[PDB]
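A.B. asks: whatever this is, show me its structure:
(8 chains)
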Amino acid sequence: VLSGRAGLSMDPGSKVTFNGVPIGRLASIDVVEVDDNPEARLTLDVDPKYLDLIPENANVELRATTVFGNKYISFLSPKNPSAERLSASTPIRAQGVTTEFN
Amino acid sequence: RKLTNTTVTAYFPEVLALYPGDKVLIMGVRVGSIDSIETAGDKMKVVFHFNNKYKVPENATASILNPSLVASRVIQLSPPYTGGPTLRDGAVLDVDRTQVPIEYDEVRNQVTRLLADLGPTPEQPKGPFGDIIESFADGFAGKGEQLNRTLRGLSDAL
Amino acid sequence: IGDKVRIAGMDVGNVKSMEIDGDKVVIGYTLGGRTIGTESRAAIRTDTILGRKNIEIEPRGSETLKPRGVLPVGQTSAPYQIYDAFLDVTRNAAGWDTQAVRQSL
Amino acid sequence: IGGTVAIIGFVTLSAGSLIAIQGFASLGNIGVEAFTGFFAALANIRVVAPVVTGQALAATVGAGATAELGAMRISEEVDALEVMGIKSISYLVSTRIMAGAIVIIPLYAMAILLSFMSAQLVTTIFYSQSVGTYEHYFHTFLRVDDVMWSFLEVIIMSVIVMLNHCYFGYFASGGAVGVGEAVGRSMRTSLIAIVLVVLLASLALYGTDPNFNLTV
Amino acid sequence: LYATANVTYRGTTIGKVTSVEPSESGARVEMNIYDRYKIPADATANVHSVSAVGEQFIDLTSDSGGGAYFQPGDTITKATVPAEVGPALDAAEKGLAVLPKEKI
Amino acid sequence: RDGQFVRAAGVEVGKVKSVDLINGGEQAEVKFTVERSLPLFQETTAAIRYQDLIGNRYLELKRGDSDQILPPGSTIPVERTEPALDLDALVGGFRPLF
Amino acid sequence: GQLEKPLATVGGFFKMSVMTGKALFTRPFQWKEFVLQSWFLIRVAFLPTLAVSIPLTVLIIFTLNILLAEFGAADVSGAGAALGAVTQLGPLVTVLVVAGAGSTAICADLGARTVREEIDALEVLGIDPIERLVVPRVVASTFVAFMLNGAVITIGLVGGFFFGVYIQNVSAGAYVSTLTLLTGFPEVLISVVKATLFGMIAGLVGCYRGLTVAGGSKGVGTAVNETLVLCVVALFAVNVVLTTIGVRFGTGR
Amino acid sequence: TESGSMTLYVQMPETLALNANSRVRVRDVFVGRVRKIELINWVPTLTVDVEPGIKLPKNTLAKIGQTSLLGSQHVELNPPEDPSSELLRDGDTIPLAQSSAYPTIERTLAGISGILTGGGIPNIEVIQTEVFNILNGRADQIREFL
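C.D. replies: Residues are numbered from 1 along each chain as shown, chains lettered A, B, ... in the order given. See the structure here:
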């Protein structure tokens, strides 16, 4: 999952969710230079039981759990889900990251 | 414990995070505990007791309080006793004279609702408050002294 | 019982007892050998966001408060609770006609 | 005085009291003190009760077994058994192992019960916390799966401890003096083995799934 | 919502959540409720949080509080979910950021 | 309290020796230490800042603008010292607004 | 009469301890025997102390880190890492590896001296065993318990840091900067007091049981087992009392 | 801390009680560590170690911020809206002009409390009450009066 910024309180071990239920966890975060601009790249380990349930066009958001808690990756089904299913070879992006308290 | 404390039944629209054995307070001082909590139709019937040493007015209000972020919710008899008729044993308090905490999901819902209804929109990029601030700042720029003079003159003449 | 009692922001004692007398609560505390005036003002105040409370004393007057002396209820104040604040905001905002407010603005 | 039951009970009551005491003090200092029932249970099941019950069981039962087998070895009773055509290991050590396996489950059940009771009593009587809040946060955040796995850990640990102490007592030497040295060495080995077993089991069980949810 | 979370009626515990799983239309929740507690057939399932720290649960709310009751193995189609924090923070930041402060 | 850190522009330079009451309890005098290599000045000001949200504090020093070295052992007047948040006042000030 | 039986042994232990204190504060100290017993206890209870302290602190840190990571507050873990290790893990590992090893060794050694009539050999020569044997052993027990408690706390903190950082991927700066959040001078002082009292009591119990061994063929083993059980029970009770006293003072309050 | 890391100096106006071994973050990603926070000539200076493979423009903005409300702090090294071609080399310094700090929760609440206590807020309700008395059941009459 690629995004503009990883988000604070987002560390390896953060829950990845579909429709609000955990389906996996965050493995690692890295900085990747895309067109001379650093971006955040997140690697997610997901149980393949739910992969056939996640649409290809699933919206991704780096949302916040509570005011004190950490962040989690949230997958949701779009308005017009695709027939193709999410897999390791599908490039996906995060639609937004919740604003920090700073 | 019986014969040494007065038992009161109260009805609440909702009883959340309140369990039997939780404290009953008068002006923040423990005076008793909560016996039982059972569903009564669309209401919740809570039977509690407070020590017979303390007297409580007959028209008291039993309000459920959440003291802090993480705490044990209590039931406080809001009006302290100053004389007159007292709350007798076996009394029943209905929903009209009971109160419940605000809860956190209600706070989240109202914050979201107000930020969505009174916030910026594609048609109104600045929001109603931003637009009114901008209009009042642009429309009265340089007219402070003129308005002051006009108001003083009007006040004197009238 | 055991909450801090302070004078000008620095700890001077602890809270020792809390009893119900009539329509008031008599709170007994210690000043650690210090002296405050009989016109001093006490205030129960919220210390932290997690709910810690403490008493603040502002000394006033020239007379000396003797041991076992009682400050009058008119010289003491109670805190405005955080849950009271949240209750006020949410209950007031729930009744707002936001369409009318936006139209009026 | 009660034997192993009384010693196990006293030590587990002390451990539960320590958990409740320090836990409630720290949480009251921070402010979030309603979580004590949640904090105590996970303290007892995960780390405190298995290890503490293991050390008390080691001391009482294992030292008694080492002393008995050393006394039999010195008094030539093992030689008497071997002369009468009896498998000494089968008659002594296997019987000890079977008795320990039969007895460990009631002992650890009593240990868990008394640890929970001590923590609850200290929190809700000495510290005057309401029993409803404690029971809610205890029964809401305690999983029976953790208790079952803890029982399995304690059974394996008791088997290992009994084997170690029977080994130290069975091959004793040096008269009555050597029995005490055997007891001391067996106790050291038992402590190390108990702690290692609990650590390995907890690492294997909760390495990926912590089996605890509070937030969204 | 998670497994082993509380099932409540108007805040009082009447059961526990057995499993929460994803589905195509949302989430599927299976729970066990004591047979002493009967819930009306017009009730709705609202996921709630006790405090700002966490401790999710699911509350079955029925305004009528009477009439026909659910049978074992049935499903409650009516549902509600909290307003969520991240969108609220974003909305607050964007609402405050558009105000002209120099104009203020 | 005593033993809490004294930081110059956020960098720890000393400790708080003691706090006492002056002017009949109307003011509090804080006696503190600063690293001997760091000089204070006639416009150096002191504040008391939150260390966290559970009640820990520290002393904060700002250099100011004047270059006149404050002689060692001097006293910073109340004219350029300010307190911490006082959360109770913040919460109580919301009552009329709500 | 039922209570009068253990009360006799209790009185014997108390009188022996009083005589030990009198010999410590009145008669000349036995430096040689103290050094020998200190080195003996160190060599008999150092490696087991680390081998029990390292896995136990790793287990505690793992449990704390996973529970806090699910809680969301994984940056305050070091606080707990300190709070246990200074006040409970240190003294309790000291209790275990002192009562199990050093107290039992002292009991076995004095029982060996008793059954070989070496105590009677000293007594017929006019010498007093309580000054020549018990005092150096109690002082050595106290000294070794103090040092072992310090080492246990240090090793536990370092191992917790390394495990949490290199395994559970917590932040190192959060671990080292939150150690002093809940632990201060009162905690280290009460830990020192606990270690000193535990060592002194273990030495006293071991010496008293060793001097009163029953001989026979199981007397020494029975004495060692009773020594171990009594030490465990007494040290747990004293730990409860001292924990209550220590939390009465508190760093947070 | 690995070989190939670059060392930078950041002259912060203040550190907000930031400790050493805090996290350096680029795009909110933990990619470095602050080594020393020595104070040179009354202006705090931070020594920052950044992992190899990161390109930072010479006009990068450094900002000390808060990771979480009940948690840690960090140093953000984020490129500006107009990055320069020249890059920060080993030993280069980020000046005081490019260094800043986010407001803390205490400072924000202190400003809000100053507004609330020194701004005459108790007047507002009174004003509103009186306004409610002017317009109560008279809006049509006020319009026709206009």
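
A.B. asks: residue numbers of chain E in contact with chain G?
C.D. replies: residue E:54 (Cβ under 8 Å from any Cβ of the partner chain). (C-beta placed from N, C-alpha, C; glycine too.)

A.B. asks: quick one, strands of chain E?
C.D. replies: Taking DSSP state E as the test, the strands found in chain E are E:6-9, E:12-22, E:27-33, E:44-49, E:56-61, E:79-80.

A.B. asks: closest to chain C out of those?
C.D. replies: Nearest to chain C, of all these, is strand E:44-49, at 14.5 Å by Cβ to the nearest Cβ.

A.B. asks: between that closest one and strand E:56-61, how many degrees?
C.D. replies: Angle of strand E:44-49 versus strand E:56-61, following axes from the mean of the first three to the mean of the last three Cα atoms, to 10 degrees, is 150 degrees.

A.B. asks: as a markdown table, the strands of chain E with distance to chain B and mean neighbour count would be great.
C.D. replies: Converted to a markdown table, the strands of chain E look like this (distance: least, Cβ to the nearest Cβ, whole Å; neighbours: other Cβ atoms under 10 Å in any protein chain shown):
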| stretch | distance to chain B | mean neighbour count |
| --- | --- | --- |
| strand E:6-9 | 6 | 23 |
| strand E:12-22 | 6 | 17 |
| strand E:27-33 | 12 | 16 |
| strand E:44-49 | 5 | 19 |
| strand E:56-61 | 8 | 21 |
| strand E:79-80 | 9 | 14 |
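
A.B. asks: quick one: these as TSV, columns for distance to residue D:91 too.
C.D. replies: Formatted as TSV, those follow (distance: least, Cβ to Cβ, whole Å):
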stretch	distance to residue D:91
strand E:6-9	54
strand E:12-22	50
strand E:27-33	50
strand E:44-49	62
strand E:56-61	58
strand E:79-80	67
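
A.B. asks: okay if I get those strands as TSV plus distance to chain C?
C.D. replies: Formatted as TSV, the strands of chain E follow (distance: least, Cβ to the nearest Cβ, whole Å):
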stretch	distance to chain C
strand E:6-9	21
strand E:12-22	21
strand E:27-33	27
strand E:44-49	14
strand E:56-61	17
strand E:79-80	16
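
A.B. asks: what's the closest of those to residue B:97?
C.D. replies: Proximity to residue B:97 (Cβ to Cβ) singles out strand E:12-22 among the strands of chain E, at 20.7 Å.

A.B. asks: in chain C, which helix has the most residues?
C.D. replies: What stands out as the longest helix in chain C, according to DSSP state H, is helix C:82-94.

A.B. asks: and the following helix or strand past it, what does it pack onto?
C.D. replies: Counting by DSSP states H and E, the next helix or strand C-terminal to helix C:82-94 is helix C:98-104. With contacts taken as 3 or more Cβ pairs under 8 Å, 6 or more residues apart in numbering or on different chains; DSSP states H and E, helix C:98-104 sits against helix B:104-117.

A.B. asks: picking up where we left off before, ok and the longest helix of chain C relative to helix B:104-117, angle-wise?
C.D. replies: Helix C:82-94 runs at 40 degrees relative to helix B:104-117, counting by the same axes, to 10 degrees.

A.B. asks: can you list the residues of chain E near chain D?
C.D. replies: E:2-6, E:13, E:49, E:53-56.

A.B. asks: picking that back up, in CSV, list the C-alpha atoms belonging to the longest helix of chain C.
C.D. replies: Taking Å, rounded to 0.1, in the frame of the first residue of the first chain, the C-alpha atoms of helix C:82-94 are listed here in CSV:
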residue,chain,number,x,y,z
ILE,C,82,-15.2,17.6,32.7
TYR,C,83,-18.1,15.2,32.3
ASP,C,84,-20.4,18.2,33.1
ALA,C,85,-18.7,20.1,30.3
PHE,C,86,-19.1,17.3,27.8
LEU,C,87,-22.8,16.8,28.9
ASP,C,88,-23.5,20.5,28.4
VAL,C,89,-21.9,20.6,24.9
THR,C,90,-23.6,17.4,23.7
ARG,C,91,-27.0,18.1,25.1
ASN,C,92,-27.0,21.7,23.7
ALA,C,93,-25.7,20.7,20.3
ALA,C,94,-28.2,17.8,20.0
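
A.B. asks: off-centre distance for it?
C.D. replies: The chain centroid and the centroid of helix C:82-94 are separated by 20 Å under Cα atoms, centre = their mean, to the nearest Å.

A.B. asks: for that helix, buried residues please.
C.D. replies: Of the residues in helix C:82-94, C:82-90, C:93 count as buried by neighbour count, 16 or more other Cβ atoms under 10 Å in any protein chain shown.

A.B. asks: if we can go back for a sec, of the strands of chain E, which approaches residue F:44 most closely?
C.D. replies: strand E:44-49 (47.8 Å).

A.B. asks: which strands and helices lie in contact with the closest one?
C.D. replies: helix B:104-117, strand E:56-61, strand E:79-80.

A.B. asks: next, format those as CSV and append distance to residue F:14.
C.D. replies: Shown next, in CSV, are these (distance: least, Cβ to Cβ, whole Å):
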stretch, distance to residue F:14
helix B:104-117, 42
strand E:56-61, 47
strand E:79-80, 56
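
A.B. asks: find the nearest non-adjacent residue to the residue of chain G at minimum distance from chain B, please.
C.D. replies: The nearest approach of chain G to chain B comes at residue G:71, 11.8 Å away (Cβ to the nearest Cβ). Once flanking residues are discounted, residue G:71 sits nearest to residue D:214: 5.6 Å by Cβ to Cβ, 6 or more residues apart in numbering or on different chains.

A.B. asks: how many neighbours does that neighbour have?
C.D. replies: For residue D:214, the count of nearby residues is 21 (other Cβ atoms under 10 Å in any protein chain shown).

A.B. asks: Three-state assignment for the residue of chain D found nearest chain G, please.
C.D. replies: Here the residue of chain D nearest chain G is residue D:29; by Cβ to the nearest Cβ that distance is 2.8 Å. Here residue D:29 is helix, with the state taken from DSSP: H, G, I helix; E, B strand; the rest coil.

A.B. asks: and it, what does it touch?
C.D. replies: By Cβ atoms under 8 Å, 6 or more residues apart in numbering or on different chains, the contact set of residue D:29 is G:182, G:250-253.

A.B. asks: list phi and psi for residue E:66.
C.D. replies: Dihedral pair for residue E:66: phi -180, psi 180, per degrees, to the nearest 10.

A.B. asks: surely it and residue B:40 touch.
C.D. replies: No: counting by Cβ atoms under 8 Å, residue B:40 is not a contact partner of residue E:66; they are 11.3 Å apart.

A.B. asks: check whether the longest helix of chain C comes near chain H.
C.D. replies: No: Helix C:82-94 is not in contact with chain H by Cβ under 8 Å from any Cβ; minimum separation 11.7 Å.

A.B. asks: and chain D, is that helix touching that?
C.D. replies: No: applying Cβ under 8 Å from any Cβ, one finds helix C:82-94 separated from chain D by no less than 12.1 Å.

A.B. asks: ok, back up a step: let me know the secondary structure of the residue nearest to residue G:71.
C.D. replies: Assigned by three-state DSSP, the conformation of residue D:214 is coil.

A.B. asks: what residues are up against residue D:174?
C.D. replies: Residues counted as contacts of residue D:174 (Cβ under 8 Å, 6+ apart) are residue D:181.

A.B. asks: count of residues packed around residue 42?
C.D. replies: Let's take chain A. The burial count for residue A:42: 23, using other Cβ under 10 Å.

A.B. asks: my bad, the chain I had in mind was chain F
C.D. replies: Using other Cβ under 10 Å, residue F:42 has 15 neighbouring residues.
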